[PDB]
Amino acid sequence: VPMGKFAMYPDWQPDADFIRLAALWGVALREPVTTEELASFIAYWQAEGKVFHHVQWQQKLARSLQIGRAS
Amino acid sequence: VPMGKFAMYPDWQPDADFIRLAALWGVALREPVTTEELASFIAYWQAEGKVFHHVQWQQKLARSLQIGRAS
Amino acid sequence: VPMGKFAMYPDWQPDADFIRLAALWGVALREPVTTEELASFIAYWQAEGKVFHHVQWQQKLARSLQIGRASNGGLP
Amino acid sequence: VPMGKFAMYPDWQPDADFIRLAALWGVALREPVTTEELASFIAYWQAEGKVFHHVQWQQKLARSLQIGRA
Amino acid sequence: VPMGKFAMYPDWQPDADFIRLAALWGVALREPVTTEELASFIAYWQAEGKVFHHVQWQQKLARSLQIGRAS
DNA sequence: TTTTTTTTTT
């Protein structure tokens with residue numbers, strides 16, 4: 001929701017069509033994002049404090065889910 | 001594509017001879033660039049908003065593919 | 001050496017003295033510059049169009065190699 | 001100190017208290033200038049051929065080290 | 001403080017409302033001048049030895065800060 | 001006054 005680059009924050013959410021976006025970027029997710037996966041992602045990146053644009057954060061989430069679920 | 005430096009944009013494509021160029025720059029690609037790889041690259045850099053010449057964008061794409069496909 | 005300040009051009013070479021020069025500037029290169037590293041460097045800077053003296057181009061190349069080879073130490 | 005505005009030259013050195021001067025100009029250097037850093041700075045500016053006063057060259061060195069070490 | 005043109009000297013200061021003046025001249029400073037920025041400016045111009053009026057020195061300071069901070 | 005190339009939780 002902020003414009004420009006921002007640090008991750010507790011109530012951030014990816015777009016409603018995140019699963020479709022992820023597929024367009026080459027990450028096939030076969031299950032929806034869970035509240036726990038999102039919370040874990042956010043806690044990690046909120047602590048890290050690095051700043052990204054919303055679309056870039058969604059790409060990081062897509063990649064993180066792909067790796068997390070592969071294991 | 002535009003002349004001079006430009007921001008990345010949705011229907012950007014690398015050159016038809018991108019694979020040859022990438023090889024000349026030390027990146028041996030065995031497969032053509034996928035629709036998804038290109039879409040992901042573009043979304044990331046479009047958000048970033050930095051401006052480069054066409055040839056410089058192609059170099060970034062080559063390097064990104066090298067890393068992306070290595071894993 | 002090529003004289004004056006010039007834009008990067010396709011046939012540019014850092015010369016035979018490069019590795020010694022790089023070392024004097026604090027960049028220890030163990031392997032010579034590859035054809036591909038050089039071609040990539042040249043294509044980037046030729047597009048950029050900035051103009052430098054030969055020694056200043058060599059410094060940029062040294063720095064670029066140091067960073068490029070740092071994920072490893074050596075040539076990709 | 002070298003007098004007047006001059007082009008950079010191979011044997012140039014900053015002052016013995018360069019670190020202190022740099023700090024006064026807002027550049028906190030943790031480690032002294034290395035032989036290699038100085039040589040690189042001199043080669044760049046010697047090629048460029050621009051002329052500056054000694055203090056102005058020291059300011060350029062301070063700024064270059066700040067960036068280089070970042 | 002001297003009237004007319006003068007060479008830059010160690011104890012020189014710009015006006016208390018320098019930030020506002022700078023803005024009126026088209027230089028938007030986000031932070032006050034620091035003691036280190038001022039010392040650096042003075043050392044540079046003192047060596048140069050050129051002479052300017054007080055207002056002209058302030059303009060040079062504004063421009064120098066704009067460039068210095070843009071990096 | 002104006003030196004500084006380089007996309008990443010696992």
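Residue numbers start from 1 in every chain, and the chains themselves are labelled A, B, ... in the order their sequence lines are given, proteins ahead of strands.
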Please give, in whole Å, the distance from [N] [atom2] to [X] [atom1]?
{"X": "C:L38", "N": "F:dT6", "atom1": "CG", "atom2": "P", "answer": "20 Å"}
{"X": "D:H54", "N": "F:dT1", "atom1": "NE2", "atom2": "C1'", "answer": "17 Å"}
{"X": "D:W57", "N": "F:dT2", "atom1": "CH2", "atom2": "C1'", "answer": "11 Å"}
{"X": "D:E37", "N": "F:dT4", "atom1": "CD", "atom2": "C1'", "answer": "13 Å"}
{"X": "D:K5", "N": "F:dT2", "atom1": "NZ", "atom2": "P", "answer": "9 Å"}
{"X": "C:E48", "N": "F:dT3", "atom1": "CD", "atom2": "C1'", "answer": "14 Å"}
{"X": "A:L61", "N": "F:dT8", "atom1": "CG", "atom2": "P", "answer": "19 Å"}
{"X": "A:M8", "N": "F:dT8", "atom1": "CE", "atom2": "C1'", "answer": "14 Å"}

May E:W45 be described as stacking on the base of F:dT1, applying a 5.5 Å centroid limit and a 30° limit on plane angle?
-> no
Centroid distance under 5.5 Å and plane angle under 30°, C:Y44 vs F:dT6 = no
Contact class for E:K60 vs. all strands (heavy atom < 4.0 Å): base, sugar-phosphate, or nothing?
-> sugar-phosphate
Remember a base hit wins even if backbone is also touched, and classify C:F41 as base, sugar-phosphate or nothing at under 4.0 Å, heavy atoms.
-> base
Is it true that F:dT5 and F:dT6 stack, with six-membered ring centres under 5.5 angstrom apart and planes under 30°?
-> yes
Do the side chain of C:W12 and the main chain of C:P2 share a donor and acceptor less than 3.5 angstrom apart?
-> no
Taking only residues two or more places apart in sequence, or in another chain, which ones meet D:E48 in a side-chain contact (heavy atoms from CB on, under 4.5 Å)?
-> C:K5, C:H53, C:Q56, D:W45, D:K50
E:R69 and E:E31 ion-paired at < 4.0 Å | no
Thinking salt bridges, do C:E37 and C:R69 make one under a 4.0 Å N-O criterion?
-> yes
Between CD1 of C:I19 and CD of C:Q58, what distance do you get to the nearest 0.5 Å?
-> 11.5 Å
Side-chain-base donor-acceptor pair under 3.5 Å for B:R63 and F:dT5 = no
Selected nucleotide, minimal atom distance to C:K50 side chain, candidates F:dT3, F:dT4, F:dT6 | F:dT4
Is F:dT5 syn or is it anti, if syn means the base angle is within 90 degrees of 0?
-> anti
